[PDB]
Protein chains: 2
Amino acid sequence: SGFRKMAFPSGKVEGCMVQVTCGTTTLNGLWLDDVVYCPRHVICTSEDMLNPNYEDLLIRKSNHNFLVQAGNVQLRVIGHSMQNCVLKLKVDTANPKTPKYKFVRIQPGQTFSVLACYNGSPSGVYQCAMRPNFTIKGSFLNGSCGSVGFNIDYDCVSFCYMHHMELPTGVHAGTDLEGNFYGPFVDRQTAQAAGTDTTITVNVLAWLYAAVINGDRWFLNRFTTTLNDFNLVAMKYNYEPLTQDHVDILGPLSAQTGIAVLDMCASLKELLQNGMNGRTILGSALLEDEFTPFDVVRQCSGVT
Amino acid sequence: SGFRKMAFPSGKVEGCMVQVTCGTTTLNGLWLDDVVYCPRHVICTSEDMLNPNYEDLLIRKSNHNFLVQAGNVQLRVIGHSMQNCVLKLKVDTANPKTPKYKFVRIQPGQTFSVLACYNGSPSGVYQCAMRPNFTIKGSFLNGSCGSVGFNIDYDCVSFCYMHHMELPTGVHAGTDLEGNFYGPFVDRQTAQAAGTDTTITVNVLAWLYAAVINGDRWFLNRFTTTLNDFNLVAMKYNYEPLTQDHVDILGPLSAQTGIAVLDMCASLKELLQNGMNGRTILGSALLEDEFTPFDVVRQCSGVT
Ligand SMILES: COc1ccccc1OCCNC(=O)c1cc(=O)[nH]c2ccccc12
Ligand SMILES: COc1ccccc1OCCNC(=O)c1cc(=O)[nH]c2ccccc12
């Protein structure tokens, strides 16, 4: 029992982190096989960041201008190319620690673990979610760019995020490992306001199921609702609409607890309308939405 | 910016996890050098757990009864001994992945990362704190015993916890790596009730400093207090007494923000007396106490 914001073990990803320097800028890179991936803004000076023309800035760079260091040893760069907002630095050495891996582009609501790195060295690991406004609420300081987000399935690391920037509101934006930003964000120092950060309804319901599995049952009520009635309440509270796909995804948690999805929806509806009344659920005074139904099952079953 | 419940990167500890089986019981072991540490209750059957005589049960066990498997390969046990509540299984092979390490016994209020393992395989990593009642609020299922708690200082892993059991209230109890339980808990299936789970005051203040550093400043008031006045309020709210040692430890966070410790104490006093009023601090609707002043500085500075 117990329910924690759990990250995947980060060892497989630590073995991939390198330091990339271009000019005076140092950030992190991800070394898989003989390629080092990093944000293309590594080629920018602070002045460049306001309105960068990446194709033009890249012309002034050669292989020897990208300094890649894995541990305390230097990697030889034999090629460089830009794919969307990431640079792919071809090195002459395959990473001996390359795990089985995939590059995936996640959808909002999906969670992942971040290995926050500085100077190619991992400093910490924490669990994130891709917000419905395509930002992540991370913990990143200067030098953290190139830190990655990932999920692990037994021995296969699915990289889904690469850190690029912090918006003026303190939230974070980045790309998948193909260099495409999540959301409408661009790698430029300009006014980029995030949209409504709505609550991930299916995740809140999954976490309510986790609470019931872990003995926290006070919020369970004698009511039920329909998808349409619940969604009227969800819209009012800036919650994402719940679909039949979400109900189907919650099927196994419903079976494990014996609580029909729509009954749990009615419990959530009363929690939204009445509030917590000073009470807590799984040690939280607010409704947690950064656990997917898959994370609740994985944590409550012990998948390694 | 951003503030997350961050765990240490777990790679150094993943390289130490092994599976230990004795009879029909399988749990986790920690392999450092040529020694595998694991909870001594690995020798118990379910019946034994109610009133075990560990010295007597151990007499019936020989080296070949302890099956140690690191990955998919078997380790040869050439010695076994009981140190308090842990067994030390001497193996013929030094762990090639043994990091620089220390065994430390932490005090309540101190935080650490747990690498939850099952069958010697890591499933997740999360941040914990040793509660003032000597329990931890972990996330552990059947098979998790022998999972460890640790802190990392650059390249030295300081192991501080080894998981042994779940109390009937869903909280967790375990030992340091010398086999001594934290608190009054014993490795026996009997009535063991935990004491008052008070709030770690110095940690709440550290997290309030982290909130100010990260732009969440609404709770800052125009008041100050004294250590004695604050402690009267802290006692009323089941908060740990704040000492001058805690004030000294908060010195650097006070210097960074320009907010005197006693002024932050007065802000915390008003938060206790008035509540949050539906507001949040660093995305939480309650006062977080599982970040030490050292964790706030480390996260807010980027220590790798
Ligand atoms: C406005 O900056 C950019 C815009 C577009 C693209 C890139 C931009 O920055 C690149 C460098 N950024 C960081 O190193 C950085 C990342 C972060 O998440 N938090 C910080 C907190 C304090 C200081 C710096 C950071
Ligand atoms: C009452 O048990 C013990 C008492 C003293 C000593 C050892 C005891 O157990 C040893 C085995 N325990 C586990 O594998 C276990 C640990 C845990 O934290 N959560 C669980 C959740 C469900 C089922 C089992 C567990």
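In each ligand, atom 1 is the first atom listed, and ligand 1 is the first ligand listed. Note on naming: letters A, B, ... go to the chains in the order of the sequence lines (proteins, then strands), and numbering restarts at 1 for each one.
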Has A:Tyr54 got more than 12 heavy atoms of other residues, nucleotides or ligands less than 6.0 Å from its OH? yes

Residues pairing under salt bridge (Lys or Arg N to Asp or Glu O under 4.0 Å) where one sits in residues 187-197 of chain B, two or more places apart or in two chains, turn out to be B:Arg40-B:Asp187, B:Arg131-B:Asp197, B:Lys137-B:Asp197

Tabulating one pair per line, provide the atom names and distances (0.1 Å) for every N/O atom of ligand 2 that is less than 3.5 Å from a protein N/O atom.
from     : atom 1 : to       : atom 2 : distance (Å)
ligand 2 : 14 (O) : B:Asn142 : ND2    : 3.2
ligand 2 : 14 (O) : B:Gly143 : N      : 3.2
ligand 2 : 18 (O) : B:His163 : NE2    : 2.6
ligand 2 : 19 (N) : B:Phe140 : O      : 3.0
ligand 2 : 19 (N) : B:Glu166 : OE1    : 3.1

Regarding [X] and [Y], do their side chains bring together a donor and an acceptor under 3.5 Å, going by distance alone?
{"X": "A:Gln83", "Y": "A:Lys88", "value": "yes"}
{"X": "A:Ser121", "Y": "A:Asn119", "value": "no"}
{"X": "B:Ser139", "Y": "A:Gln299", "value": "yes"}
{"X": "A:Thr175", "Y": "A:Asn180", "value": "no"}

